[PDB]
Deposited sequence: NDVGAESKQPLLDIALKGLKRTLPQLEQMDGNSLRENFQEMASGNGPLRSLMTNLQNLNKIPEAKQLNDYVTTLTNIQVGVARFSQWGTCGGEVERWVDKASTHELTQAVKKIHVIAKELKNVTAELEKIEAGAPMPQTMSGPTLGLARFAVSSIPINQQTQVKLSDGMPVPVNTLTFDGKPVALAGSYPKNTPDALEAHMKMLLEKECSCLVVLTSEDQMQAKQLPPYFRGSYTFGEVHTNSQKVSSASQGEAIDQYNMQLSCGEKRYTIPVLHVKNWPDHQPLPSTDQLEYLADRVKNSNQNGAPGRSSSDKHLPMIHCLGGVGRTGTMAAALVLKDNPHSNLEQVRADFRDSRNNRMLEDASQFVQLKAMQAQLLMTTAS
């Protein structure tokens, strides 16, 4: 059955690949092959096929009533169709490679390759329009703890997706762990500092002098704007946390955990959208320091939590690298000890 869903996909793709805007005024075939394939490969396809392309869904291509629109409104669709097709070439390879584990789809928006920093599928964040982002909803003991991702890739599309997510998921706060020296060594965008326009989203972040005085943290107030929507999310930038290492003292971790918890902490217990009002955390890779920070927030919510289960649950909801590095795990243990004392 896949002999068809593969060849009939190894020819239909290059068709959409080569398509213009008005060249839209294969698609019924492409979806046929996919429906046929319909495991870890099917969920990958389900996600892609579910991305909205014209206030609808690619798995619809009401689309006709919409096409007959402006030259501009069709180019934005074709461009979206190029992105999906590009991704689908992955399924082509996975079949042509003839599947228990599959990272969620990355529309080239991910900073690091999934082969190095994988993205668990079922917990991968998706926007209202179903566009997947390189972020995972870390969960411990069945409950979502934070949105962890790698440092946003330096591309207008990746940053636009990052900000859209911040505004839509209404994250309690943004927590950046990379130092000024690391940011200025890998050229990470200080997107959380000034004013930038990333697509349909505008961001204006002003430093909060009163709370950025300490020699360890710079706090900002970030105002995001998109259409009729507005949303301000506090930002916590840690400057004294060297990569691949724990904080200078166990007290600084606890302090860090406190300020993160004491900056928004909104969100309702047992809420249906357990995906909202969570802190968005990132260092360079969304695994090391990011994992620790998140773990530290777990101990503050409940200092009894089994740190080994925290680690195992963080690995099932993002990847195997969460909390690698013994150095940091030892500090967590120390932290828990004080909280228990």
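Against the full deposited sequence, the model leaves out several stretches, namely 1-10, 36-46, 60-64, 88-92, 100, 131-136, 380-383.
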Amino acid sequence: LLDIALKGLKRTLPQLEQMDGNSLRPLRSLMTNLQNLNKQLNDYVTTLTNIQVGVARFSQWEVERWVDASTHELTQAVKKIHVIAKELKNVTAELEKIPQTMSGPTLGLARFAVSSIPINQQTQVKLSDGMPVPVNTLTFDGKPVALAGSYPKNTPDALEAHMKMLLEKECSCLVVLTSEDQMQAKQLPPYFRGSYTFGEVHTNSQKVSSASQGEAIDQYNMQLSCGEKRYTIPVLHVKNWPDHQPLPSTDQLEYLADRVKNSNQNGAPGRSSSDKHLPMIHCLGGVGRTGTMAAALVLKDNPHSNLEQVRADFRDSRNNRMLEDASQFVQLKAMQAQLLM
From here on, numbers count along this sequence of modelled residues.
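Once the C-alpha B-factors are averaged per stretch, 28-36 and 304-312 rank with 28-36 first. The mean Cα B-factor in the deposited entry runs higher for 249-257 than for the other of 249-257 and 140-148. Note on the listed residues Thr71, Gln124, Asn204, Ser115: the highest Cα temperature factor in the record is that of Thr71. Per the PDB record, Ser263 has a higher Cα B-factor than any other of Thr232, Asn240, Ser263, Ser128. Ranked within its chain, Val330 lands in the middle third, by CA B factor from the PDB record. Looking at the C-alpha B-factors along this chain, the one for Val53 belongs to the highest third. Among all modelled residues in this chain, the alpha-carbon of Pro132 has a temperature factor (C-alpha) in the lowest third. Sorting the modelled residues of the chain by their CA temperature factor places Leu188 in the middle third. Placement of the Cα temperature factor of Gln76 within the chain: highest third of the modelled residues, per the deposited record.
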